[PDB]
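Scroll down for the structure; my scribbles are underneath it.
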Amino acid sequence: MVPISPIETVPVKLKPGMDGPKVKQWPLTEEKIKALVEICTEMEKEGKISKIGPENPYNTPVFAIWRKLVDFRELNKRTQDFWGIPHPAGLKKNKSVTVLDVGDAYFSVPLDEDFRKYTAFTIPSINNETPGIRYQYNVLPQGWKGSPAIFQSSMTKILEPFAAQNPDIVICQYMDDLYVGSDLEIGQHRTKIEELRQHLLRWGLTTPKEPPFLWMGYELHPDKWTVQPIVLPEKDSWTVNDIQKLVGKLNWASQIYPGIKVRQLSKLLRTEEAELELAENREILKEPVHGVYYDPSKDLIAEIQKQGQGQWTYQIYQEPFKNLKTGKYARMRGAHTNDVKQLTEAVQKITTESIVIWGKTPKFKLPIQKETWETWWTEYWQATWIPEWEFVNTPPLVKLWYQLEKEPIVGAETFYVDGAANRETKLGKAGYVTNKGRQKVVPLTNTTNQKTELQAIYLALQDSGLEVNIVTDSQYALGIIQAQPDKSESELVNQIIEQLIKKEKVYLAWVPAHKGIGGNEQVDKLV
Amino acid sequence: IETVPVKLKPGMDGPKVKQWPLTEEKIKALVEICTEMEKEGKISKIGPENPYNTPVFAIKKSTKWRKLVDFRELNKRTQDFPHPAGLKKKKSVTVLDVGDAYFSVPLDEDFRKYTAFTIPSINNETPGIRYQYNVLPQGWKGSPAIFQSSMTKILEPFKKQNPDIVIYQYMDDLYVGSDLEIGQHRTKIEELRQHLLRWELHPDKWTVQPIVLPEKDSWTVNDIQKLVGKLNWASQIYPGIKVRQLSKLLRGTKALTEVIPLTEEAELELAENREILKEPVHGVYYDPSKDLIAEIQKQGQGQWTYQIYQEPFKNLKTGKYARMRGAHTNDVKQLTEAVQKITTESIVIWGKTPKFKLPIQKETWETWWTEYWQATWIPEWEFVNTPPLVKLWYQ
Ligand SMILES: N#Cc1ccc2c(Oc3ccccc3OCCn3ccc(=O)[nH]c3=O)cc(F)cc2c1
Ligand SMILES: [Mg+2]
């Protein structure tokens with residue numbers, strides 16, 4: 001007998017202060033008992049388990065479905081703590097790719113002796129007239145918390161030297177499988193696969209699929225990758241769970257499939273738009289498309305498009321018309337925002353995803369003028385940055401809709417504005433006075449201070465020329481306008497934006513309230 | 001040569017922290033470096049029985065890649081283990097990297113499991129390479145605390161030779177203050193370095209910035225409105241600020257560009273305000289127990305302002321930063337260098353790092369800050385999403 005290379009066990013402890021699980025054995029039928037007796041008998045013959053005595057207080061429940069089912073949930077709760085899927089678009093094209101799934105994975109790796117005492121289970125005897133049969137595991141049990149970690153660690157440990165000895169091949173390892181690949185000749189590749197199988201066999205690991213590979217919702221073909229076909233459930237009544245599943249499926253489809261919109265359906269989990277959206281989604285899922293694999297010798301490119309309503313879409317590719325992958329970005333929840341910020345966030349996201357998948361940052365093609373971005377980042381109070389990028393013109397283009405002056409405008413009328421409201425009666429007033437004598441006060445029902453100050457500014461914008469200076473005492477309004485939203489949840493703010501867009505020059509000054517500063521009248525709106 | 005027992009806080013478990021994605025070149029550098037460190041027994045591979053993980057990335061101080069470990073979580077979870085106030089009063093201070101010594105001291109066997117880290121793989125094609133430290137890791141707060149005695153015994157003759165020199169130690173860095181001349185300072189630093197082999201900051205050129213008001217022959221309405229706003233702001237800081245006579249000028253409705261002549265009461269009031277602002281701030285103390293807060297504002301054109309305080313409107317220090325090195329086109333690089341400088345100054349003055357409030361979105365900073373970061377330590381930070389009105393008041 002050629003001696004099998006020994007696998008060194010991983011020391012395992014329970015959680016501190018806890019003891020091993022003790023659970024009464026469930027009553028079972030006679031057939032179940034016989035089946036379990038036979039199974040445990042042949043398993044004991046193979047050396048996966050061993051028979052124990054009364055000295056072990058710990059008991060793990062067991063069922064039969066044959067096939068044995070040991071429930072270690074309690075042991076899992078009392079066992080200690082132990083230490084992302086690969087993305088197809090990140091894979092590199094190889095002339096040959098072989099899959100090797102090791103059988104009897106967990107049962108091929110030994111268990112730490114000092115922990116075997118806790119994996120003890122008992123087979124109920126017939127009619128309960130004799131003591132149940134006692135057993136304990138000698139290898140990694142199926143369903144035990146610590147099995148996969150120890151298994152994969154052992155696997156890596158055994159795999160290191162072969163990988164070191166063969167730089168001309170690439171080996172991936174997910175969980176219980178090995179994915180080998182090379183640009184060698186078919187015979188040489190198959191031979192090296194045989195060698196690997198021999199090397200694994202030395203340590204006592206048994207190994208045996210051909211393209212296309214059905215793996216983790218993906219379909220892997222030699223020259224390309226895609227997703228397994230998406231099935232959108234059709235029912236006249238859509239429940240919350242149905243919408244969650246539909247959102248999950250559409251998100252999963254959105255990686256390869258460009259233009260997938262999920263805003264409405266996700267908004268319903270807090271219309272004609274939603275129906276047309278899902279119909280367009282069924283329109284996109286009509287003719288399937290394939291993604292390609294990654295070539296390190298060519299530049300990595302990500303192009304972004306504004307999809308409207310806080311939605312963005314991006315394509316990652318190296319050559320035109322051939323995508324590596326795609327995706328989308330929904331804007332974060334906020335009261336105010338502009339296109340440039342959302343674009344920046346989207347870029348950040350794509351960047352992180354890229355570094356995860358390809359280990360590098362791609363060059364960006366963005367729908368924004370260099371000048372626009374320049375103005376933005378130079379005048380924006382926050383610090384902001386984007387990596388290397390160039391402007392591609394594919395409307396809608398991201399632009400700055402209005403810009404506030406840094407200095408007061410000469411020849412421009414000066415609108416001193418103010419607004420106030422009564423807290424309990426919700427009654428208020430808003431208006432302005434100017435240096436040319438122009439005044440206005442408007443009374444308002446159902447409002448607050450902020451709304452009346454905003455309203456005052458809006459009034460100043462409505463009744464003024466192409467160039468205007470505006471004085472306000474509101475830190476709130478100035479706070480909103482200094483954030484430069486191009487869109488807002490509040491209709492008033494949107495109207496003010498609409499006013500600013502029409503303006504040529506606008507200077508927005510601020511003064512402290514109730515300091516007796518002339519032209520600033522809190523007295524008109526207090527009545 | 002012998003391991004001193006190290007434990008954790010009363011009921012705090014070891015750090016489990018997600019390793020963030022690394023670029024390919026950094027992963028390569030870390031692989032090479034950690035291979036070399038594995039050959040020298042500095043670190044050793046571990047199994048799945050170790051749940052704990054601490055983040056790790058790669059920097060450049062020199063074209064050689066350096067290994068940086070984010071020991072923040074471990075430091076705050078590590079159990080609690082004499083600031084030379086004459087260090088900030090010195091003419092010059094030079095910082096040295098004495099981390100290379102830390103790897104000569106063995107680490108307590110029971111604590112190593114907490115210093116576990118993972119070199120990540122691209123696209124998750126293989127499991128990450130996990131290591132644990134066998135010696136004292138750089139970036140851990142316990143390392144200088146443990147090496148403190150040895151460092152004392154090493155630096156004893158140099159300190160006894162010329163006691164015009166202050167010596168402080170923080171993390172992997174060794175601060176040396178003196179009153180000498182830059183050339184003699186560099187020769188002294190060379191002699192100190194070769195003194196450590198056998199075994200450029202100017203603190204006096206910083207101050208606490210006063211609040212200044214404009215001096216003008218003629219004032220526009222806008223000028224006076226800004227003045228009144230600024231003085232009103234300053235009223236929160238200083239007791240005797242009054243603006244009623246200046247606001248008295250603004251009375252009526254006038255164009256922003258119209259020139260308004262100052263009265264005698266207005267000029268007097270303004271002068272009184274100047275005299276008040278020339279004084280320091282009343283009752284400003286440092287509390288070693290409380291936390292240091294650093295606020296930074298972007299002024300544009302490479303200009304950045306900052307304030308270190310503990311209580312609102314009670315600044316322990318204020319400063320500016322306009323230093324331009326290759327950062328002209330990049331805001332985030334600028335902010336990173338600024339945060340570093342501020343943290344260093346804070347280390348010199350109080351012997352500890354402050355908590356920052358960065359004028360940046362979390363996502364941007366979190367994505368890019370590790371590219372420009374040359375410092376062996378790391379501070380804590382939070383993000384201010386609302387624009388401060390007080391920006392130009394510090395300009
Ligand atoms: N079931 C299954 C499964 C199968 C294979 C997986 C996988 O192949 C690779 C393993 C090692 C190096 C390169 C590999 O692939 C690159 C792309 N690629 C794919 C298929 C093909 O036929 N040709 C080709 O070029 C990598 C992986 F990350 C997961 C895999 C999963
Ligand atoms: Mg008001």
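Quick note on naming: the chains in the structure tokens go A, B, ... in the order shown, residues restart at 1 in each chain, and ligands are numbered from 1 in order of appearance.
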
- Query: Among region 114-175 of chain A, which ones does DSSP place in helix (DSSP H, G or I), written as number ranges by chain?
  - Reply: A: 114-118, 126-128, 147-165

Could you write out the selected residues, including N, CA and C atoms, as a CSV table (one decimal), in the first residue's frame?
chain,number,residue,atom,x,y,z
A,114,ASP,N,-10.1,16.2,19.7
A,114,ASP,CA,-10.6,16.8,20.9
A,114,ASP,C,-12.0,17.5,20.7
A,115,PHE,N,-12.5,17.4,19.5
A,115,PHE,CA,-13.8,18.0,19.2
A,115,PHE,C,-14.8,16.9,18.8
A,116,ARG,N,-14.3,15.7,18.5
A,116,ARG,CA,-15.2,14.6,18.0
A,116,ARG,C,-16.2,14.2,19.1
A,117,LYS,N,-15.9,14.5,20.3
A,117,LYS,CA,-16.7,14.2,21.5
A,117,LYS,C,-18.0,14.9,21.4
A,118,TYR,N,-18.1,16.0,20.7
A,118,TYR,CA,-19.2,16.9,20.6
A,118,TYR,C,-20.2,16.6,19.5
A,126,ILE,N,-35.1,-0.6,18.3
A,126,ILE,CA,-36.4,-1.0,18.0
A,126,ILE,C,-37.2,-1.2,19.3
A,127,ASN,N,-38.4,-0.6,19.4
A,127,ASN,CA,-39.3,-0.7,20.5
A,127,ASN,C,-38.7,-0.1,21.8
A,128,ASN,N,-37.6,0.5,21.7
A,128,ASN,CA,-36.9,1.1,22.8
A,128,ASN,C,-36.6,0.2,24.0
A,147,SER,N,-17.0,23.0,8.8
A,147,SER,CA,-16.6,22.1,7.8
A,147,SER,C,-16.0,22.8,6.5
A,148,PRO,N,-16.8,23.8,5.9
A,148,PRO,CA,-16.2,24.4,4.7
A,148,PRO,C,-14.9,25.1,4.9
A,149,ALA,N,-14.7,25.8,6.0
A,149,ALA,CA,-13.5,26.6,6.2
A,149,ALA,C,-12.3,25.7,6.3
A,150,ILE,N,-12.4,24.7,7.1
A,150,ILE,CA,-11.3,23.7,7.3
A,150,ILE,C,-11.0,23.0,6.0
A,151,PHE,N,-12.1,22.6,5.3
A,151,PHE,CA,-12.0,21.9,4.0
A,151,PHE,C,-11.2,22.8,3.0
A,152,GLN,N,-11.6,24.0,2.8
A,152,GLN,CA,-11.0,24.9,1.9
A,152,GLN,C,-9.5,25.3,2.3
A,153,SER,N,-9.3,25.4,3.6
A,153,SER,CA,-7.9,25.7,4.0
A,153,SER,C,-7.0,24.5,3.8
A,154,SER,N,-7.5,23.3,4.0
A,154,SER,CA,-6.7,22.1,3.7
A,154,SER,C,-6.5,22.0,2.2
A,155,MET,N,-7.5,22.3,1.5
A,155,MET,CA,-7.4,22.2,0.0
A,155,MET,C,-6.3,23.2,-0.5
A,156,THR,N,-6.3,24.4,0.0
A,156,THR,CA,-5.3,25.4,-0.4
A,156,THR,C,-3.9,24.9,0.0
A,157,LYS,N,-3.8,24.4,1.2
A,157,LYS,CA,-2.6,23.9,1.7
A,157,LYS,C,-2.0,22.8,0.8
A,158,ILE,N,-2.8,21.9,0.3
A,158,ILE,CA,-2.4,20.8,-0.6
A,158,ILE,C,-2.1,21.3,-2.0
A,159,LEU,N,-2.8,22.4,-2.4
A,159,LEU,CA,-2.8,22.9,-3.7
A,159,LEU,C,-1.5,23.8,-4.0
A,160,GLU,N,-1.0,24.4,-3.0
A,160,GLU,CA,0.1,25.4,-3.1
A,160,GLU,C,1.3,24.8,-3.9
A,161,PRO,N,1.9,23.7,-3.6
A,161,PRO,CA,3.1,23.3,-4.3
A,161,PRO,C,2.9,23.0,-5.7
A,162,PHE,N,1.8,22.3,-6.1
A,162,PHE,CA,1.5,22.1,-7.5
A,162,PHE,C,1.4,23.4,-8.3
A,163,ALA,N,0.7,24.3,-7.7
A,163,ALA,CA,0.5,25.6,-8.4
A,163,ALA,C,1.9,26.3,-8.5
A,164,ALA,N,2.7,26.2,-7.5
A,164,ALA,CA,4.1,26.8,-7.6
A,164,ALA,C,4.9,26.1,-8.7
A,165,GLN,N,4.7,24.8,-8.8
A,165,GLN,CA,5.5,24.0,-9.8
A,165,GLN,C,5.0,24.2,-11.2

Identify, counting only C-alpha atoms and all ligand atoms, the protein, DNA and RNA residues located within 9 Å of ligand 2, and give them as a PDB file with N, CA, C and O atoms, in the first residue's frame.
ATOM      1  N   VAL A 417     -35.192  90.704   0.905  1.00  0.00           N
ATOM      2  CA  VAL A 417     -36.359  89.844   1.076  1.00  0.00           C
ATOM      3  C   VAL A 417     -36.503  89.328   2.503  1.00  0.00           C
ATOM      4  O   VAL A 417     -35.536  89.300   3.265  1.00  0.00           O
ATOM      5  N   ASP A 418     -37.722  88.928   2.857  1.00  0.00           N
ATOM      6  CA  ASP A 418     -37.988  88.339   4.167  1.00  0.00           C
ATOM      7  C   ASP A 418     -39.347  87.647   4.205  1.00  0.00           C
ATOM      8  O   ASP A 418     -40.257  87.994   3.453  1.00  0.00           O
ATOM      9  N   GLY A 419     -39.468  86.664   5.090  1.00  0.00           N
ATOM     10  CA  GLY A 419     -40.710  85.941   5.289  1.00  0.00           C
ATOM     11  C   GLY A 419     -40.827  85.469   6.725  1.00  0.00           C
ATOM     12  O   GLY A 419     -39.820  85.206   7.382  1.00  0.00           O
ATOM     13  N   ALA A 420     -42.055  85.368   7.221  1.00  0.00           N
ATOM     14  CA  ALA A 420     -42.280  84.904   8.586  1.00  0.00           C
ATOM     15  C   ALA A 420     -43.655  84.269   8.705  1.00  0.00           C
ATOM     16  O   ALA A 420     -44.523  84.518   7.876  1.00  0.00           O
ATOM     17  N   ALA A 430     -44.818  86.883   3.208  1.00  0.00           N
ATOM     18  CA  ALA A 430     -43.516  86.866   2.545  1.00  0.00           C
ATOM     19  C   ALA A 430     -43.411  87.990   1.522  1.00  0.00           C
ATOM     20  O   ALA A 430     -44.371  88.269   0.805  1.00  0.00           O
ATOM     21  N   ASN A 449     -41.871  79.221   8.652  1.00  0.00           N
ATOM     22  CA  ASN A 449     -40.841  80.227   8.414  1.00  0.00           C
ATOM     23  C   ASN A 449     -39.997  79.932   7.177  1.00  0.00           C
ATOM     24  O   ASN A 449     -39.807  80.799   6.318  1.00  0.00           O
ATOM     25  N   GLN A 450     -39.499  78.703   7.091  1.00  0.00           N
ATOM     26  CA  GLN A 450     -38.646  78.289   5.984  1.00  0.00           C
ATOM     27  C   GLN A 450     -39.354  78.467   4.645  1.00  0.00           C
ATOM     28  O   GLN A 450     -38.789  79.025   3.693  1.00  0.00           O
ATOM     29  N   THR A 452     -41.759  80.458   3.962  1.00  0.00           N
ATOM     30  CA  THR A 452     -42.007  81.865   3.663  1.00  0.00           C
ATOM     31  C   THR A 452     -40.735  82.592   3.240  1.00  0.00           C
ATOM     32  O   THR A 452     -40.794  83.533   2.457  1.00  0.00           O
ATOM     33  N   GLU A 453     -39.587  82.166   3.755  1.00  0.00           N
ATOM     34  CA  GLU A 453     -38.320  82.758   3.328  1.00  0.00           C
ATOM     35  C   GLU A 453     -37.990  82.318   1.894  1.00  0.00           C
ATOM     36  O   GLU A 453     -37.607  83.140   1.034  1.00  0.00           O
ATOM     37  N   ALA A 456     -40.240  84.224  -0.287  1.00  0.00           N
ATOM     38  CA  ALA A 456     -39.778  85.595  -0.442  1.00  0.00           C
ATOM     39  C   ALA A 456     -38.712  85.665  -1.525  1.00  0.00           C
ATOM     40  O   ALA A 456     -38.787  86.508  -2.431  1.00  0.00           O
ATOM     41  N   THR A 472     -30.898  88.233   2.055  1.00  0.00           N
ATOM     42  CA  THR A 472     -31.769  87.434   2.905  1.00  0.00           C
ATOM     43  C   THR A 472     -31.141  87.218   4.279  1.00  0.00           C
ATOM     44  O   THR A 472     -29.927  87.323   4.435  1.00  0.00           O
ATOM     45  N   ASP A 473     -31.974  86.933   5.276  1.00  0.00           N
ATOM     46  CA  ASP A 473     -31.483  86.655   6.622  1.00  0.00           C
ATOM     47  C   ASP A 473     -31.583  85.167   6.927  1.00  0.00           C
ATOM     48  O   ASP A 473     -31.185  84.712   8.001  1.00  0.00           O
ATOM     49  N   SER A 474     -32.114  84.417   5.967  1.00  0.00           N
ATOM     50  CA  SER A 474     -32.347  82.989   6.141  1.00  0.00           C
ATOM     51  C   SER A 474     -31.097  82.153   5.882  1.00  0.00           C
ATOM     52  O   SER A 474     -30.620  82.064   4.752  1.00  0.00           O
ATOM     53  N   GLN A 475     -30.575  81.532   6.934  1.00  0.00           N
ATOM     54  CA  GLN A 475     -29.464  80.601   6.780  1.00  0.00           C
ATOM     55  C   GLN A 475     -29.948  79.322   6.098  1.00  0.00           C
ATOM     56  O   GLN A 475     -29.179  78.631   5.439  1.00  0.00           O
ATOM     57  N   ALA A 513     -30.381  88.292  11.141  1.00  0.00           N
ATOM     58  CA  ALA A 513     -31.719  88.827  11.383  1.00  0.00           C
ATOM     59  C   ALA A 513     -31.808  89.593  12.702  1.00  0.00           C
ATOM     60  O   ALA A 513     -31.038  89.344  13.628  1.00  0.00           O
ATOM     61  N   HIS A 514     -32.747  90.536  12.759  1.00  0.00           N
ATOM     62  CA  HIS A 514     -33.073  91.287  13.973  1.00  0.00           C
ATOM     63  C   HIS A 514     -31.887  92.071  14.522  1.00  0.00           C
ATOM     64  O   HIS A 514     -31.844  92.395  15.710  1.00  0.00           O
ATOM     65  N   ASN A 520     -33.879  95.222   5.541  1.00  0.00           N
ATOM     66  CA  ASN A 520     -34.336  93.907   5.961  1.00  0.00           C
ATOM     67  C   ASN A 520     -35.483  94.094   6.942  1.00  0.00           C
ATOM     68  O   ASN A 520     -35.281  94.564   8.064  1.00  0.00           O
ATOM     69  N   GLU A 521     -36.692  93.733   6.522  1.00  0.00           N
ATOM     70  CA  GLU A 521     -37.873  93.985   7.339  1.00  0.00           C
ATOM     71  C   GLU A 521     -38.546  92.703   7.819  1.00  0.00           C
ATOM     72  O   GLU A 521     -39.177  91.989   7.041  1.00  0.00           O
ATOM     73  N   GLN A 522     -38.414  92.428   9.113  1.00  0.00           N
ATOM     74  CA  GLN A 522     -39.094  91.303   9.734  1.00  0.00           C
ATOM     75  C   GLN A 522     -40.449  91.793  10.228  1.00  0.00           C
ATOM     76  O   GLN A 522     -41.310  91.004  10.616  1.00  0.00           O
ATOM     77  N   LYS A 525     -43.809  90.992   7.949  1.00  0.00           N
ATOM     78  CA  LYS A 525     -44.340  89.633   7.962  1.00  0.00           C
ATOM     79  C   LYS A 525     -44.753  89.168   9.362  1.00  0.00           C
ATOM     80  O   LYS A 525     -45.291  88.070   9.524  1.00  0.00           O
TER      81      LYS A 525
END

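Around ligand 1, using only C-alpha atoms and all ligand atoms and a cut-off of 7 Å, the residues in contact are residues 86, 87, 88, 91, 92, 93, 94, 95, 96, 97, 98, 99, 170, 171, 172, 179, 180, 181, 182, 211, 213, 214, 215, 220, 221, 222, 223 and 293 of chain A; 125 of chain B.
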
Closest pair table for chain A residues within 7 Å of chain B, only C-alpha atoms, as JSON lines:
{"residue": "A:10", "atom": "CA", "partner": "B:49", "partner_atom": "CA", "distance": 7.0}
{"residue": "A:11", "atom": "CA", "partner": "B:49", "partner_atom": "CA", "distance": 6.9}
{"residue": "A:12", "atom": "CA", "partner": "B:49", "partner_atom": "CA", "distance": 6.6}
{"residue": "A:81", "atom": "CA", "partner": "B:51", "partner_atom": "CA", "distance": 5.9}
{"residue": "A:82", "atom": "CA", "partner": "B:51", "partner_atom": "CA", "distance": 4.9}
{"residue": "A:83", "atom": "CA", "partner": "B:51", "partner_atom": "CA", "distance": 4.4}
{"residue": "A:84", "atom": "CA", "partner": "B:124", "partner_atom": "CA", "distance": 6.6}
{"residue": "A:85", "atom": "CA", "partner": "B:124", "partner_atom": "CA", "distance": 6.4}
{"residue": "A:86", "atom": "CA", "partner": "B:124", "partner_atom": "CA", "distance": 5.2}
{"residue": "A:87", "atom": "CA", "partner": "B:123", "partner_atom": "CA", "distance": 6.3}
{"residue": "A:90", "atom": "CA", "partner": "B:123", "partner_atom": "CA", "distance": 6.4}
{"residue": "A:149", "atom": "CA", "partner": "B:48", "partner_atom": "CA", "distance": 5.7}
{"residue": "A:150", "atom": "CA", "partner": "B:48", "partner_atom": "CA", "distance": 6.0}
{"residue": "A:153", "atom": "CA", "partner": "B:47", "partner_atom": "CA", "distance": 6.5}
{"residue": "A:172", "atom": "CA", "partner": "B:125", "partner_atom": "CA", "distance": 5.2}
{"residue": "A:173", "atom": "CA", "partner": "B:126", "partner_atom": "CA", "distance": 5.6}
{"residue": "A:348", "atom": "CA", "partner": "B:364", "partner_atom": "CA", "distance": 6.5}
{"residue": "A:355", "atom": "CA", "partner": "B:23", "partner_atom": "CA", "distance": 5.8}
{"residue": "A:356", "atom": "CA", "partner": "B:123", "partner_atom": "CA", "distance": 5.6}
{"residue": "A:357", "atom": "CA", "partner": "B:123", "partner_atom": "CA", "distance": 4.4}
{"residue": "A:358", "atom": "CA", "partner": "B:123", "partner_atom": "CA", "distance": 6.5}
{"residue": "A:359", "atom": "CA", "partner": "B:23", "partner_atom": "CA", "distance": 4.5}
{"residue": "A:360", "atom": "CA", "partner": "B:23", "partner_atom": "CA", "distance": 5.4}
{"residue": "A:378", "atom": "CA", "partner": "B:300", "partner_atom": "CA", "distance": 6.7}
{"residue": "A:381", "atom": "CA", "partner": "B:298", "partner_atom": "CA", "distance": 6.1}
{"residue": "A:382", "atom": "CA", "partner": "B:359", "partner_atom": "CA", "distance": 5.0}
{"residue": "A:383", "atom": "CA", "partner": "B:360", "partner_atom": "CA", "distance": 5.1}
{"residue": "A:384", "atom": "CA", "partner": "B:331", "partner_atom": "CA", "distance": 5.9}
{"residue": "A:385", "atom": "CA", "partner": "B:331", "partner_atom": "CA", "distance": 6.3}
{"residue": "A:408", "atom": "CA", "partner": "B:256", "partner_atom": "CA", "distance": 6.4}
{"residue": "A:410", "atom": "CA", "partner": "B:257", "partner_atom": "CA", "distance": 6.5}
{"residue": "A:413", "atom": "CA", "partner": "B:255", "partner_atom": "CA", "distance": 7.0}
{"residue": "A:414", "atom": "CA", "partner": "B:255", "partner_atom": "CA", "distance": 5.4}
{"residue": "A:434", "atom": "CA", "partner": "B:253", "partner_atom": "CA", "distance": 6.4}
{"residue": "A:435", "atom": "CA", "partner": "B:254", "partner_atom": "CA", "distance": 4.9}
{"residue": "A:479", "atom": "CA", "partner": "B:387", "partner_atom": "CA", "distance": 6.8}
{"residue": "A:511", "atom": "CA", "partner": "B:229", "partner_atom": "CA", "distance": 5.8}
{"residue": "A:512", "atom": "CA", "partner": "B:229", "partner_atom": "CA", "distance": 5.9}
{"residue": "A:515", "atom": "CA", "partner": "B:247", "partner_atom": "CA", "distance": 6.7}
{"residue": "A:516", "atom": "CA", "partner": "B:247", "partner_atom": "CA", "distance": 5.9}
{"residue": "A:517", "atom": "CA", "partner": "B:247", "partner_atom": "CA", "distance": 5.1}
{"residue": "A:518", "atom": "CA", "partner": "B:251", "partner_atom": "CA", "distance": 3.5}
{"residue": "A:519", "atom": "CA", "partner": "B:253", "partner_atom": "CA", "distance": 4.2}

- Query: Separation of CA of residue 499 (chain A) and CA of residue 366 (chain A), in Å?
  - Reply: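 Answer for the CA of residue 499 (chain A) to CA of residue 366 (chain A) separation: 27.8 Å.
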
- Quick one: residues within 7 Å of region 324-336 of chain A, only C-alpha atoms counted, chain neighbours fewer than 6 positions away excluded, as number ranges by chain? A: 89, 254-258, 291-294, 310-317, 342, 346, 485, 487-489

- What residues in region 107-263 of chain B get the DSSP label strand (DSSP E)? Please answer as a VMD selection string. chain B and resid 117 to 119 129 to 133 166 to 170 173 to 178 219 to 220 259 to 260

- Excluding residue 446 (chain A) and residues on its chain fewer than 3 positions from it, collect all residues at most 12 Å away from it, counting only C-alpha atoms, and give them as an NGL selection string. :A and (420-429 or 443 or 449 or 451-452)

- Take CA of residue 44 (chain B) and CA of residue 199 (chain A) and report the distance between them in Å, one decimal.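 So the two atoms, CA of residue 44 (chain B) and CA of residue 199 (chain A), lie 25.3 Å apart.
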
Write out as a short mmCIF file (atom, residue, chain, number, x, y, z; two decimals) with N, CA and C atoms, in the first residue's frame which residues come within 8 Å of residue 96 (chain B) when counting only C-alpha atoms, dropping same-chain ones fewer than 2 positions away.
data_model
loop_
_atom_site.label_atom_id
_atom_site.label_comp_id
_atom_site.auth_asym_id
_atom_site.auth_seq_id
_atom_site.Cartn_x
_atom_site.Cartn_y
_atom_site.Cartn_z
N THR B 94 12.37 67.34 14.18
CA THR B 94 12.56 66.38 13.10
C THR B 94 11.95 65.02 13.45
N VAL B 98 11.39 54.95 13.39
CA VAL B 98 12.10 53.96 14.19
C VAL B 98 11.34 52.64 14.27
N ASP B 173 6.94 56.60 15.05
CA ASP B 173 7.68 57.83 14.78
C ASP B 173 8.35 58.41 16.02
N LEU B 174 9.55 58.95 15.81
CA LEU B 174 10.35 59.53 16.88
C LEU B 174 10.61 61.01 16.61
N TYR B 175 10.05 61.86 17.46
CA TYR B 175 10.16 63.31 17.32
C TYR B 175 11.34 63.88 18.11
#

- Test item: residues at most 12 Å from residue 188 (chain B), only C-alpha atoms, excluding those fewer than 3 positions along its chain, as a list in words: residues 93, 94, 158, 162, 165, 176, 177, 178, 179, 180, 181, 182, 183, 184, 185, 191, 192, 193, 194 and 195 of chain B

Take the selection from the previous step and output its residues with C-alpha atoms, as a compact mmCIF listing (two decimals), in the first residue's frame.
# COMPACT_ATOMS: atom_id res chain seq x y z
CA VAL B 93 11.53 69.36 15.25
CA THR B 94 12.56 66.38 13.10
CA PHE B 158 22.32 60.97 23.74
CA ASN B 162 23.23 67.41 25.53
CA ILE B 165 17.16 68.40 23.00
CA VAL B 176 13.35 65.27 18.08
CA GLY B 177 13.17 68.94 19.06
CA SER B 178 16.05 71.42 19.31
CA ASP B 179 17.11 75.07 19.02
CA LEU B 180 20.08 74.54 16.69
CA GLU B 181 20.73 75.58 13.08
CA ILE B 182 19.39 73.52 10.15
CA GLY B 183 22.83 72.29 9.03
CA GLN B 184 24.00 71.51 12.56
CA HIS B 185 20.51 70.09 13.07
CA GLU B 191 24.76 61.46 14.50
CA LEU B 192 21.58 60.39 16.28
CA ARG B 193 20.68 58.02 13.44
CA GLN B 194 24.12 56.40 13.48
CA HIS B 195 23.80 56.39 17.28

Please list as a PDB file with N, CA, C and O atoms, in the first residue's frame every residue within 7 Å of residue 402 (chain A), counting only C-alpha atoms and excluding residues in the same chain fewer than 2 positions away.
ATOM      1  N   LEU A 400     -24.283  72.422 -15.610  1.00  0.00           N
ATOM      2  CA  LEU A 400     -24.637  73.295 -14.499  1.00  0.00           C
ATOM      3  C   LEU A 400     -25.680  74.297 -14.979  1.00  0.00           C
ATOM      4  O   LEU A 400     -25.442  75.049 -15.928  1.00  0.00           O
ATOM      5  N   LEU A 404     -24.119  81.306  -9.165  1.00  0.00           N
ATOM      6  CA  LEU A 404     -24.201  82.508  -8.339  1.00  0.00           C
ATOM      7  C   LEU A 404     -22.919  83.335  -8.404  1.00  0.00           C
ATOM      8  O   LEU A 404     -21.814  82.793  -8.369  1.00  0.00           O
ATOM      9  N   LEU A 500     -33.946  80.684 -11.400  1.00  0.00           N
ATOM     10  CA  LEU A 500     -32.503  80.898 -11.471  1.00  0.00           C
ATOM     11  C   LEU A 500     -31.953  80.564 -12.852  1.00  0.00           C
ATOM     12  O   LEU A 500     -31.070  81.257 -13.361  1.00  0.00           O
ATOM     13  N   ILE A 501     -32.479  79.499 -13.450  1.00  0.00           N
ATOM     14  CA  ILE A 501     -32.058  79.078 -14.783  1.00  0.00           C
ATOM     15  C   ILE A 501     -32.280  80.182 -15.821  1.00  0.00           C
ATOM     16  O   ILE A 501     -31.482  80.353 -16.745  1.00  0.00           O
TER      17      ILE A 501
END
